[PDB]
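Visitor: I'd like to ask some things about the structure below.
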Amino acid sequence: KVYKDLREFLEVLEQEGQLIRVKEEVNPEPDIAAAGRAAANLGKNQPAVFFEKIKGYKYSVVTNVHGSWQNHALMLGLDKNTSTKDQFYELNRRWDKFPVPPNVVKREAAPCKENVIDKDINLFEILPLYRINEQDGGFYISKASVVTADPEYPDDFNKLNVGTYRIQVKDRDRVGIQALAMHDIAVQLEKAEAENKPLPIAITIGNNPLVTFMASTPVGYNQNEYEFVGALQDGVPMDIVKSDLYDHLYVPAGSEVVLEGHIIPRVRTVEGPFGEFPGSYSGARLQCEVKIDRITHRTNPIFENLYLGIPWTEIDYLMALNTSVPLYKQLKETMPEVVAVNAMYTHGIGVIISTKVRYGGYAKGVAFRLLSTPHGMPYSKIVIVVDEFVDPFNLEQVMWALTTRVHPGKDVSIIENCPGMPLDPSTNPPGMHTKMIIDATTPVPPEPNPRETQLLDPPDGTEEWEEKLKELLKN
Amino acid sequence: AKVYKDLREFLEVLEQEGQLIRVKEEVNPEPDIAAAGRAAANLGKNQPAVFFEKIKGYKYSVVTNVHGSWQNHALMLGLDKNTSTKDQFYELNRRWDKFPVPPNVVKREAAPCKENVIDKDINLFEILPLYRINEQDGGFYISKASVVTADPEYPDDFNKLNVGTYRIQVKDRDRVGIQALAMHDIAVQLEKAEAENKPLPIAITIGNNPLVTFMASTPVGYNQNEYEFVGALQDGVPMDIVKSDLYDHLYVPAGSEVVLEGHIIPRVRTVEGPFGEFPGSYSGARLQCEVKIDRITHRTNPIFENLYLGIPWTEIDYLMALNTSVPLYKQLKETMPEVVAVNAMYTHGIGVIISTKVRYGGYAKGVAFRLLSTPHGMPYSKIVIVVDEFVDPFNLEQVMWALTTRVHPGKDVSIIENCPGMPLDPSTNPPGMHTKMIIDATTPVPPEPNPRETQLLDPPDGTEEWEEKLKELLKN
Amino acid sequence: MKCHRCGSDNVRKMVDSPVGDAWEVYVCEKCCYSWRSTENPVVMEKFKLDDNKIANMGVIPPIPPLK
Ligand SMILES: [Cl-]
Ligand SMILES: [Mg+2]
Ligand SMILES: [Mg+2]
Ligand code: NA
Ligand code: NA
Ligand code: NA
Ligand code: NA
Ligand code: NA
Ligand code: NA
Ligand SMILES: [Zn+2]
């Protein structure tokens, strides 16, 4: 099942019983947030909730689109009950089709160009903006795919990057974007601000769930996320169209809303505070401002926003696999011994790696590679490495590897003054944290090991005795 | 410019440039071939290759200091004999980017290495003037040798065919011992073979194109074929290879002086060493693999390209100077474009100095992490120093400045226990495993706090013009 | 004739000089030590070997399990 717009995916979600409609009119302030928190609180099979009527606004909103493993599987076109490891292996396969050039279409063929706003600009006319958490500094746009191009190489389609950044609405036509220093957009912004020139930007809302997926994926700078979408669609290229005001800028053809504008250079204003994925408010800082120059949107647009907060909200499901897969691939390219990578916990700040130990101390080398990767160098604070046969996704086994294979005299390594992530509320020098590497692997030569650590082979008949017991129980 | 197809063409150029001398007198092999090699490198600069025409017991000849000088190193690349070090580093940096240059397979009749075949009673001493390199060495050794092995799991994948350099102790007329170090590519293929108790086919080549010997010692990735790199360093001219006689999947240079086709005996180790190595000390004897020579092919009047090694800056140190830094620089730059240059000339990369721009706070430690997760640097690099973009990592004077003014040992020095090591390092107490040390000699960048002032001074206004006015006034 | 490194008598001739009667080469076969008949070797006490040292010598590289 391949989707060209958000509406096709929503239709599938409803056919599978993973979408519920709030037909009654509802206040935007305390309710859209509460419904988002409640939806994730359901535990399992969490559906997306679709608001048909909002007190002050004309159009509708959708929350918790990605907020469950059921929705995550339908995103990949798989059975709604496909398991976690099944989806992880399906992503591992489609990933290897990487370069799948997108399909450029004429402007008339793009639904996102149905309506254009050029006169007095007002986001509230078209977007039912609401406040996400009580102490948030304002109305936010959480789930949004932002398109920027490298000023130095504006023609290189590879250096065109699309990612997700939180956006605070500050006026009818200006918003604030969190251009974190470690993300791709900051590389392009520095090049522009070094010449006091604005950076063209396109903010898309309500996209193909795969587009939203790749936006939040920590792929390399020289890799275009649209080409990954074609790979995740199993070779079916996705449709993009050129932005009205800026060439070199391409947006999905089926977007609900496109905000074309520019980042005002060398200017910072009061952004935040904002409740983030660690379950805590992130303090207010001076962050960039964006001026909205033009709006294109589909008729009757739908606002795809998300709630985030105390963990395992919608965002934690979105980031569960799109963070683990590229880290596994990035590691696997240099080190074929790596088995799997688990980075689902708090956006990869904790990573568990399963690997064969080629030679003594190889576990530390694997950790070093993870800490020198685009997403793990600034994000990963605690890196646990386990053997080939340990499932890094089975915390029970990881706890066994910790208790039986970790000698804190040698296996625990703590490194000061390494790149950090400011959103982690533990960093004492904010944006800068001390890394901890835990080698829960069995020692391999030339590392000396006087003890016996080899695992027990199961008794002889265990295979057959499993069947004989199951049969005896059927009485 | 000048591209060489055999070792003999290169030797001719070395002699035309006054970088090769002939020892016409007969000289017995034991104390002399080693002494001449040490003396050649001891000459300091413009060190020539020495060619021995007559050896007391043997029929053929040997040449020792082929790579043992910057002059020979420059002529190897087809550059002017006096081309500077930084000029050669930039020339390698350029040609490297032509990487996939498919080699040219030639007919067997066209390969000089196939001129002679030995199948009956096999004797290395008949064709190779074997000699002892250092006094306490365990036996006669073959230091400079390009060894070709193929992946047992994927024997048809030409990329997984790897050629590298390993020291070889001659243990009998038809058996030798190879040092299959655990961190090198050959050990990956050997494990696959020994996990099934199957031998590993191998081809030991001697006396090759100096670029082939160069790529053999270069720590490129496993899935990268070294013959394809030779074509790149020849500026697009593919090199000539021929299929091995006994083993397909195995390709050797067409112009090799000697080719030894055989197999590594699986799950067997014997007493190899001791052997004087590049750190200037004897490496202790250990139990290492043996290979059985099944057949020998060689050119008429073969030449034995061996080298002397010992107290550092022998021939081997010149060979490893640039072929270690270039792939490390390229490997880092692929992930982190902020890296400027990498210096790994010292003790075969056990000490590495990296120059880089610091994108954000602590980025220097991340660069060090990448260097410590690279094929070569993970087991080899013990001391990793990172300096700013504007420091020349090859200028130890500046590196000494960065250490004294940018290193706060409270935070900038990080020591990590129980990390992969290299056994030839005589300092590793758990041998083959050393504690890493990272030194961040870069200027702090946000969000790393810095209460002090560390920005560099802009030179006074007229400094540019005053340099000329002073130089002009001096011309009196 | 004994071996200069381990003192075993299980030593044999490995090869003759290809040209004339210049020299011969001998091999230990208990510790693999080879030497030429011309050079009179004197192994340093640091590098000598007995059956005990060869036993606990340490291998490079390790032998994998068999499957
Ligand atoms: Cl001060
Ligand atoms: Mg990106
Ligand atoms: Mg290799
Ligand atoms: Na990109
Ligand atoms: Na992205
Ligand atoms: Na351990
Ligand atoms: Na190599
Ligand atoms: Na290779
Ligand atoms: Na520093
Ligand atoms: Zn002996």
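Each chain in the structure tokens gets a letter, A, B and so on, in the order shown; residues start at 1 in every chain, and ligands are counted from 1 in the order they appear.
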Please report, as a ChimeraX atom specification, each residue of region 215-399 of chain A to which DSSP assigns strand (DSSP E) when run on this structure's backbone.
Guide: /A:239-242,250-252,257-263,269-271,274-275,281-282,285-297,302-304,338-345,350-355,382-386
Visitor: Just want the residues within 8 Å of ligand 5, written as a PyMOL selection string, counting only C-alpha atoms and all ligand atoms.
Guide: chain A and resi 161-164+184+214-219+225
Visitor: May I have the residues from that selection written out with N, CA, C and O atoms, as a CSV table (one decimal), in the first residue's frame?
Guide:
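File produced: out_12.csv:
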```csv
chain,number,residue,atom,x,y,z
A,161,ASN,N,17.9,19.4,2.1
A,161,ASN,CA,17.5,18.6,3.3
A,161,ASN,C,16.2,18.9,3.8
A,161,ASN,O,15.8,20.1,3.9
A,162,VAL,N,15.4,17.9,4.2
A,162,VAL,CA,14.1,18.0,4.8
A,162,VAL,C,14.2,17.4,6.2
A,162,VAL,O,14.5,16.2,6.3
A,163,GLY,N,13.8,18.1,7.2
A,163,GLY,CA,13.8,17.6,8.6
A,163,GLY,C,12.7,18.2,9.4
A,163,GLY,O,11.9,19.1,8.9
A,164,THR,N,12.5,17.8,10.6
A,164,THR,CA,11.5,18.2,11.5
A,164,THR,C,12.1,19.1,12.6
A,164,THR,O,13.1,18.8,13.2
A,184,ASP,N,21.0,19.4,10.4
A,184,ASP,CA,21.5,19.8,9.1
A,184,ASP,C,21.1,21.3,8.8
A,184,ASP,O,21.9,22.0,8.1
A,214,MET,N,10.8,10.3,7.2
A,214,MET,CA,12.1,10.6,6.8
A,214,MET,C,12.6,11.9,7.3
A,214,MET,O,13.8,12.1,7.5
A,215,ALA,N,11.7,12.9,7.5
A,215,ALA,CA,12.1,14.2,8.0
A,215,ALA,C,12.9,14.0,9.3
A,215,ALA,O,13.9,14.6,9.5
A,216,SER,N,12.3,13.2,10.2
A,216,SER,CA,12.8,13.0,11.5
A,216,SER,C,14.0,12.0,11.6
A,216,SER,O,14.5,11.6,12.6
A,217,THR,N,14.4,11.4,10.4
A,217,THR,CA,15.4,10.4,10.3
A,217,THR,C,16.8,11.1,10.2
A,217,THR,O,17.0,12.0,9.3
A,218,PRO,N,17.8,10.7,11.0
A,218,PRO,CA,19.1,11.3,11.0
A,218,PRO,C,20.0,10.7,9.9
A,218,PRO,O,21.0,10.0,10.2
A,219,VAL,N,19.7,10.9,8.6
A,219,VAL,CA,20.5,10.5,7.5
A,219,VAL,C,21.6,11.6,7.2
A,219,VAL,O,21.6,12.7,7.8
A,225,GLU,N,16.2,13.3,1.4
A,225,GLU,CA,15.2,12.5,2.1
A,225,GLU,C,14.1,12.0,1.1
A,225,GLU,O,13.5,11.0,1.4
```
Visitor: Which chain A residues are at most 8 Å from chain B (counting only C-alpha atoms), as a PyMOL selection string?
Guide: chain A and resi 181-182+334+359-362+364-366+368-369+371-373+377+410-411+413-420+429-432+446-448
Visitor: Only N, CA and C atoms, please: the residues just picked out, written as an mmCIF file, in the first residue's frame.
Guide:
```cif
data_model
loop_
_atom_site.group_PDB
_atom_site.id
_atom_site.type_symbol
_atom_site.label_atom_id
_atom_site.label_comp_id
_atom_site.auth_asym_id
_atom_site.auth_seq_id
_atom_site.Cartn_x
_atom_site.Cartn_y
_atom_site.Cartn_z
ATOM 1 N N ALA A 181 21.962 23.268 16.774
ATOM 2 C CA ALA A 181 23.276 23.380 16.150
ATOM 3 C C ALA A 181 23.712 22.079 15.488
ATOM 4 N N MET A 182 23.270 20.932 16.002
ATOM 5 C CA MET A 182 23.759 19.662 15.486
ATOM 6 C C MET A 182 22.972 19.157 14.285
ATOM 7 N N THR A 334 30.834 0.216 8.020
ATOM 8 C CA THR A 334 32.230 0.029 8.400
ATOM 9 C C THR A 334 32.464 -1.286 9.120
ATOM 10 N N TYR A 359 37.791 -8.765 17.638
ATOM 11 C CA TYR A 359 38.955 -8.970 18.478
ATOM 12 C C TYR A 359 38.758 -8.197 19.773
ATOM 13 N N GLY A 360 39.516 -8.589 20.793
ATOM 14 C CA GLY A 360 39.501 -7.907 22.073
ATOM 15 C C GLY A 360 39.267 -6.410 22.021
ATOM 16 N N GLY A 361 38.332 -5.931 22.846
ATOM 17 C CA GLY A 361 37.980 -4.525 22.894
ATOM 18 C C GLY A 361 37.170 -3.992 21.735
ATOM 19 N N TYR A 362 36.785 -4.839 20.775
ATOM 20 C CA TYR A 362 36.026 -4.370 19.617
ATOM 21 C C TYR A 362 34.726 -3.690 20.029
ATOM 22 N N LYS A 364 34.246 -1.535 22.353
ATOM 23 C CA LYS A 364 34.520 -0.114 22.527
ATOM 24 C C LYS A 364 34.651 0.591 21.183
ATOM 25 N N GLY A 365 35.221 -0.091 20.189
ATOM 26 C CA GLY A 365 35.298 0.499 18.865
ATOM 27 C C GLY A 365 33.930 0.716 18.248
ATOM 28 N N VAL A 366 33.018 -0.239 18.438
ATOM 29 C CA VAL A 366 31.658 -0.062 17.938
ATOM 30 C C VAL A 366 31.020 1.160 18.585
ATOM 31 N N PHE A 368 32.579 3.693 19.742
ATOM 32 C CA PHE A 368 33.234 4.868 19.184
ATOM 33 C C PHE A 368 32.586 5.279 17.869
ATOM 34 N N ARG A 369 32.272 4.307 17.010
ATOM 35 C CA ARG A 369 31.623 4.642 15.749
ATOM 36 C C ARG A 369 30.251 5.258 15.985
ATOM 37 N N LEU A 371 29.352 6.992 18.448
ATOM 38 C CA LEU A 371 29.555 8.323 19.005
ATOM 39 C C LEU A 371 30.205 9.269 18.009
ATOM 40 N N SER A 372 30.481 8.794 16.795
ATOM 41 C CA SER A 372 31.023 9.621 15.726
ATOM 42 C C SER A 372 30.093 9.641 14.519
ATOM 43 N N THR A 373 28.826 9.322 14.728
ATOM 44 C CA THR A 373 27.789 9.316 13.718
ATOM 45 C C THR A 373 26.929 10.576 13.831
ATOM 46 N N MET A 377 26.735 11.139 17.880
ATOM 47 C CA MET A 377 27.758 12.024 18.429
ATOM 48 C C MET A 377 27.154 13.076 19.346
ATOM 49 N N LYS A 410 37.017 -2.282 34.106
ATOM 50 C CA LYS A 410 37.471 -2.123 32.732
ATOM 51 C C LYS A 410 36.351 -1.856 31.738
ATOM 52 N N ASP A 411 35.177 -2.440 31.942
ATOM 53 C CA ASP A 411 34.129 -2.412 30.940
ATOM 54 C C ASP A 411 33.327 -1.115 30.920
ATOM 55 N N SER A 413 33.445 2.971 30.768
ATOM 56 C CA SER A 413 34.343 4.055 30.381
ATOM 57 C C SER A 413 33.574 5.367 30.331
ATOM 58 N N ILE A 414 34.091 6.393 31.002
ATOM 59 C CA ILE A 414 33.396 7.671 31.132
ATOM 60 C C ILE A 414 34.286 8.769 30.578
ATOM 61 N N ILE A 415 33.785 9.493 29.583
ATOM 62 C CA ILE A 415 34.582 10.440 28.814
ATOM 63 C C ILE A 415 33.967 11.824 28.964
ATOM 64 N N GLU A 416 34.767 12.787 29.417
ATOM 65 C CA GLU A 416 34.275 14.128 29.710
ATOM 66 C C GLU A 416 34.332 15.028 28.480
ATOM 67 N N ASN A 417 33.451 16.031 28.458
ATOM 68 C CA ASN A 417 33.557 17.145 27.513
ATOM 69 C C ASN A 417 33.374 16.699 26.063
ATOM 70 N N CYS A 418 32.336 15.915 25.828
ATOM 71 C CA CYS A 418 31.992 15.432 24.501
ATOM 72 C C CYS A 418 30.742 16.142 23.993
ATOM 73 N N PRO A 419 30.505 16.130 22.680
ATOM 74 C CA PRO A 419 29.325 16.808 22.129
ATOM 75 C C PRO A 419 28.048 16.321 22.797
ATOM 76 N N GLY A 420 27.125 17.253 23.052
ATOM 77 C CA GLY A 420 25.912 16.947 23.781
ATOM 78 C C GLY A 420 24.664 17.540 23.149
ATOM 79 N N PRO A 429 26.790 21.350 31.960
ATOM 80 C CA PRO A 429 27.035 22.330 30.903
ATOM 81 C C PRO A 429 26.083 22.064 29.754
ATOM 82 N N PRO A 430 25.039 22.871 29.608
ATOM 83 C CA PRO A 430 23.930 22.473 28.737
ATOM 84 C C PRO A 430 24.390 22.327 27.295
ATOM 85 N N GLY A 431 23.876 21.298 26.625
ATOM 86 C CA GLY A 431 24.325 21.003 25.277
ATOM 87 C C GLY A 431 25.667 20.315 25.216
ATOM 88 N N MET A 432 26.099 19.731 26.323
ATOM 89 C CA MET A 432 27.438 19.183 26.468
ATOM 90 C C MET A 432 27.337 18.121 27.544
ATOM 91 N N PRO A 446 42.871 -10.435 22.270
ATOM 92 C CA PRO A 446 43.855 -10.769 23.300
ATOM 93 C C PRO A 446 43.529 -10.235 24.692
ATOM 94 N N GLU A 447 42.268 -9.930 24.958
ATOM 95 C CA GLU A 447 41.869 -9.526 26.300
ATOM 96 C C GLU A 447 41.936 -10.736 27.216
ATOM 97 N N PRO A 448 42.741 -10.711 28.274
ATOM 98 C CA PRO A 448 42.829 -11.880 29.153
ATOM 99 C C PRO A 448 41.521 -12.133 29.888
#
```
Visitor: Kindly provide, as an MDAnalysis selection string, all nucleotide and amino acid residues lying within 12 Å of ligand 7, counting only C-alpha atoms and all ligand atoms.
Guide: chainID B and resid 145:149 159:166 184:186 211:230 320 323:324 327 375:376
Visitor: Okay, now the selection with N, CA and C atoms, as a tab-separated table (two decimals), in the first residue's frame?
Guide:
```
chain	number	residue	atom	x	y	z
B	145	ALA	N	56.67	-7.68	0.99
B	145	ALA	CA	55.99	-8.71	0.22
B	145	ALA	C	54.51	-8.37	0.17
B	146	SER	N	53.92	-8.42	-1.02
B	146	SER	CA	52.50	-8.16	-1.21
B	146	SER	C	51.77	-9.49	-1.29
B	147	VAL	N	50.86	-9.72	-0.35
B	147	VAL	CA	50.21	-11.02	-0.19
B	147	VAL	C	48.76	-10.91	-0.64
B	148	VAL	N	48.33	-11.83	-1.50
B	148	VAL	CA	47.00	-11.80	-2.10
B	148	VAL	C	46.18	-12.95	-1.55
B	149	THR	N	45.03	-12.63	-0.95
B	149	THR	CA	44.08	-13.61	-0.44
B	149	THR	C	42.66	-13.19	-0.80
B	159	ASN	N	36.04	-7.28	-5.05
B	159	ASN	CA	36.30	-6.27	-4.03
B	159	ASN	C	36.86	-6.91	-2.76
B	160	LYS	N	36.34	-8.07	-2.39
B	160	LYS	CA	36.80	-8.74	-1.18
B	160	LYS	C	38.12	-9.46	-1.37
B	161	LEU	N	38.68	-9.45	-2.58
B	161	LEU	CA	40.07	-9.84	-2.78
B	161	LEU	C	40.98	-8.75	-2.23
B	162	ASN	N	41.81	-9.10	-1.25
B	162	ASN	CA	42.66	-8.13	-0.58
B	162	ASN	C	44.13	-8.50	-0.73
B	163	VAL	N	44.96	-7.49	-0.97
B	163	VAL	CA	46.41	-7.63	-1.00
B	163	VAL	C	46.99	-6.71	0.07
B	164	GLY	N	47.84	-7.27	0.93
B	164	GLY	CA	48.47	-6.52	2.00
B	164	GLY	C	49.86	-7.07	2.28
B	165	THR	N	50.57	-6.38	3.17
B	165	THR	CA	51.95	-6.73	3.51
B	165	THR	C	51.99	-7.39	4.87
B	166	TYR	N	52.67	-8.53	4.95
B	166	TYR	CA	52.85	-9.25	6.20
B	166	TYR	C	54.25	-9.86	6.23
B	184	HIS	N	44.06	-7.05	10.81
B	184	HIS	CA	44.22	-6.83	9.38
B	184	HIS	C	43.22	-7.67	8.59
B	185	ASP	N	43.06	-7.32	7.31
B	185	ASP	CA	42.01	-7.95	6.51
B	185	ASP	C	42.22	-9.45	6.41
B	186	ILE	N	43.47	-9.91	6.33
B	186	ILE	CA	43.73	-11.32	6.09
B	186	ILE	C	43.18	-12.18	7.21
B	211	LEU	N	54.15	1.15	-6.55
B	211	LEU	CA	52.80	1.50	-6.14
B	211	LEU	C	52.05	0.30	-5.57
B	212	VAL	N	52.31	-0.90	-6.09
B	212	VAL	CA	51.66	-2.09	-5.55
B	212	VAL	C	52.09	-2.32	-4.11
B	213	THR	N	53.40	-2.31	-3.86
B	213	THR	CA	53.89	-2.39	-2.49
B	213	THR	C	53.29	-1.29	-1.63
B	214	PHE	N	53.09	-0.11	-2.21
B	214	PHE	CA	52.52	1.02	-1.48
B	214	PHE	C	51.09	0.71	-1.04
B	215	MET	N	50.26	0.25	-1.98
B	215	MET	CA	48.87	-0.04	-1.65
B	215	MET	C	48.74	-1.24	-0.73
B	216	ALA	N	49.67	-2.19	-0.82
B	216	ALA	CA	49.64	-3.34	0.07
B	216	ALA	C	49.61	-2.90	1.53
B	217	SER	N	50.48	-1.94	1.90
B	217	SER	CA	50.58	-1.43	3.26
B	217	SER	C	49.53	-0.37	3.59
B	218	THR	N	48.63	-0.06	2.67
B	218	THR	CA	47.66	1.00	2.95
B	218	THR	C	46.41	0.41	3.60
B	219	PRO	N	45.96	0.99	4.72
B	219	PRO	CA	44.78	0.46	5.45
B	219	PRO	C	43.46	0.98	4.90
B	220	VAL	N	43.13	0.53	3.69
B	220	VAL	CA	41.86	0.83	3.04
B	220	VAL	C	40.80	-0.14	3.55
B	221	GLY	N	39.53	0.11	3.23
B	221	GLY	CA	38.47	-0.76	3.70
B	221	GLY	C	38.55	-2.16	3.11
B	222	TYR	N	37.82	-3.08	3.75
B	222	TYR	CA	37.84	-4.48	3.33
B	222	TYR	C	37.26	-4.66	1.94
B	223	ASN	N	36.16	-3.97	1.64
B	223	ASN	CA	35.48	-4.10	0.36
B	223	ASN	C	36.11	-3.26	-0.74
B	224	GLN	N	37.35	-2.80	-0.56
B	224	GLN	CA	38.04	-2.00	-1.55
B	224	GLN	C	39.25	-2.78	-2.06
B	225	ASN	N	39.33	-2.96	-3.38
B	225	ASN	CA	40.43	-3.70	-3.99
B	225	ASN	C	41.63	-2.78	-4.19
B	226	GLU	N	42.80	-3.24	-3.75
B	226	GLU	CA	43.99	-2.40	-3.81
B	226	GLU	C	44.48	-2.21	-5.24
B	227	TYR	N	44.27	-3.20	-6.11
B	227	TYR	CA	44.66	-3.03	-7.51
B	227	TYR	C	43.92	-1.87	-8.15
B	228	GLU	N	42.66	-1.66	-7.76
B	228	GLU	CA	41.90	-0.54	-8.31
B	228	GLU	C	42.44	0.79	-7.82
B	229	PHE	N	43.06	0.81	-6.63
B	229	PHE	CA	43.71	2.03	-6.16
B	229	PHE	C	44.99	2.31	-6.93
B	230	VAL	N	45.72	1.26	-7.33
B	230	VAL	CA	46.94	1.46	-8.10
B	230	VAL	C	46.63	2.20	-9.39
B	320	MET	N	55.47	3.87	5.09
B	320	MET	CA	54.23	4.03	5.84
B	320	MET	C	53.89	5.48	6.14
B	323	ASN	N	51.08	6.63	3.08
B	323	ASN	CA	49.99	5.69	2.84
B	323	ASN	C	49.14	5.43	4.08
B	324	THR	N	49.58	5.87	5.26
B	324	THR	CA	48.74	5.76	6.45
B	324	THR	C	47.91	7.01	6.68
B	327	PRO	N	44.58	7.64	3.61
B	327	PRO	CA	43.29	6.97	3.82
B	327	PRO	C	42.61	7.35	5.13
B	375	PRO	N	39.29	1.46	10.27
B	375	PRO	CA	40.02	0.19	10.15
B	375	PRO	C	41.41	0.22	10.75
B	376	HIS	N	42.23	1.20	10.36
B	376	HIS	CA	43.58	1.28	10.90
B	376	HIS	C	43.61	1.85	12.32
```
Visitor: Check every residue of chain C for an atom within 9 Å of chain B, counting only C-alpha atoms, and provide those that qualify as an MDAnalysis selection string.
Guide: chainID C and resid 14:23 27 29:36 38:39 41:44 47 54 57:67
Visitor: Can you spit out the residues from that selection as a compact mmCIF listing (two decimals), in the first residue's frame, using C-alpha atoms?
Guide:
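Okay, this is what ended up in selection36.txt:
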```
# COMPACT_ATOMS: atom_id res chain seq x y z
CA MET C 14 67.22 -27.57 5.77
CA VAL C 15 69.01 -26.65 2.52
CA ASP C 16 72.42 -26.54 0.84
CA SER C 17 73.98 -23.51 -0.79
CA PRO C 18 72.67 -23.40 -4.39
CA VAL C 19 76.18 -22.57 -5.67
CA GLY C 20 79.09 -24.70 -4.50
CA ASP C 21 79.90 -25.68 -0.91
CA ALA C 22 79.48 -22.17 0.50
CA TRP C 23 77.27 -23.05 3.46
CA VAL C 27 66.41 -26.00 11.43
CA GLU C 29 61.99 -28.48 14.30
CA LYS C 30 61.27 -28.12 18.01
CA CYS C 31 61.15 -24.31 17.94
CA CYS C 32 61.57 -23.49 14.20
CA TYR C 33 64.89 -21.69 14.72
CA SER C 34 66.99 -21.70 11.54
CA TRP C 35 70.58 -20.59 11.03
CA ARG C 36 73.37 -20.70 8.46
CA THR C 38 78.70 -19.70 8.46
CA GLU C 39 77.13 -17.40 11.06
CA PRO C 41 74.73 -17.63 16.36
CA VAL C 42 74.61 -16.83 20.05
CA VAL C 43 70.98 -16.53 21.14
CA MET C 44 70.55 -14.06 23.97
CA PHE C 47 65.25 -15.27 23.63
CA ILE C 54 56.62 -22.93 24.05
CA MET C 57 53.35 -18.95 24.36
CA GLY C 58 50.15 -17.35 23.07
CA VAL C 59 48.82 -17.53 19.53
CA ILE C 60 48.34 -14.93 16.78
CA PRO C 61 45.65 -14.91 15.65
CA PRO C 62 43.25 -16.93 17.83
CA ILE C 63 41.82 -20.20 16.53
CA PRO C 64 38.01 -19.95 16.16
CA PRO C 65 35.55 -22.62 17.31
CA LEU C 66 34.63 -25.29 14.81
CA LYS C 67 30.82 -24.92 14.42
```
Visitor: Using only C-alpha atoms and all ligand atoms, find each residue with an atom at most 12 Å away from ligand 6 and format the answer as an MDAnalysis selection string.
Guide: (chainID A and resid 357 360:364 384:387 401:413 437:445 447:449 451 453) or (chainID B and resid 417:419)
Visitor: Around ligand 9, out to 8 Å and counting only C-alpha atoms and all ligand atoms, which residues are there? I want them as JSON, numbers by chain.
Guide: {"B": [406, 407, 408, 411, 412, 440, 441, 442, 443, 444]}
Visitor: Output the selection as a PDB file, in the first residue's frame - N, CA and C atoms for each residue.
Guide:
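Result saved to out.pdb:
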```pdb
ATOM      1  N   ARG B 406      46.052  25.219  24.663  1.00  0.00           N
ATOM      2  CA  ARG B 406      44.665  24.855  24.432  1.00  0.00           C
ATOM      3  C   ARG B 406      44.227  23.602  25.176  1.00  0.00           C
ATOM      4  N   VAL B 407      45.107  22.979  25.956  1.00  0.00           N
ATOM      5  CA  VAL B 407      44.814  21.714  26.619  1.00  0.00           C
ATOM      6  C   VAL B 407      44.675  21.971  28.113  1.00  0.00           C
ATOM      7  N   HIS B 408      43.477  21.726  28.635  1.00  0.00           N
ATOM      8  CA  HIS B 408      43.218  21.738  30.068  1.00  0.00           C
ATOM      9  C   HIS B 408      43.065  20.292  30.514  1.00  0.00           C
ATOM     10  N   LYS B 411      39.736  18.479  31.469  1.00  0.00           N
ATOM     11  CA  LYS B 411      38.673  18.129  30.542  1.00  0.00           C
ATOM     12  C   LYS B 411      39.171  17.689  29.175  1.00  0.00           C
ATOM     13  N   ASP B 412      40.275  18.250  28.689  1.00  0.00           N
ATOM     14  CA  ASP B 412      40.706  18.006  27.324  1.00  0.00           C
ATOM     15  C   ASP B 412      41.447  16.683  27.149  1.00  0.00           C
ATOM     16  N   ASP B 440      42.460  16.957  23.385  1.00  0.00           N
ATOM     17  CA  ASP B 440      41.673  17.926  22.627  1.00  0.00           C
ATOM     18  C   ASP B 440      42.396  19.265  22.740  1.00  0.00           C
ATOM     19  N   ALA B 441      43.311  19.519  21.805  1.00  0.00           N
ATOM     20  CA  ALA B 441      44.054  20.774  21.767  1.00  0.00           C
ATOM     21  C   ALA B 441      43.387  21.819  20.884  1.00  0.00           C
ATOM     22  N   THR B 442      42.060  21.795  20.784  1.00  0.00           N
ATOM     23  CA  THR B 442      41.317  22.782  20.015  1.00  0.00           C
ATOM     24  C   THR B 442      40.784  23.868  20.943  1.00  0.00           C
ATOM     25  N   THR B 443      40.511  25.025  20.360  1.00  0.00           N
ATOM     26  CA  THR B 443      39.941  26.140  21.106  1.00  0.00           C
ATOM     27  C   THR B 443      38.461  25.880  21.374  1.00  0.00           C
ATOM     28  N   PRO B 444      37.983  26.095  22.598  1.00  0.00           N
ATOM     29  CA  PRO B 444      36.591  25.762  22.913  1.00  0.00           C
ATOM     30  C   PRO B 444      35.617  26.516  22.026  1.00  0.00           C
TER      31      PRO B 444
END
```
Visitor: Using only C-alpha atoms and all ligand atoms, what are the residues with an atom within 12 Å of ligand 1, set out as a list in words?
Guide: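 These are the residues that qualify: residues 450, 451, 452, 453, 454 and 455 of chain B.
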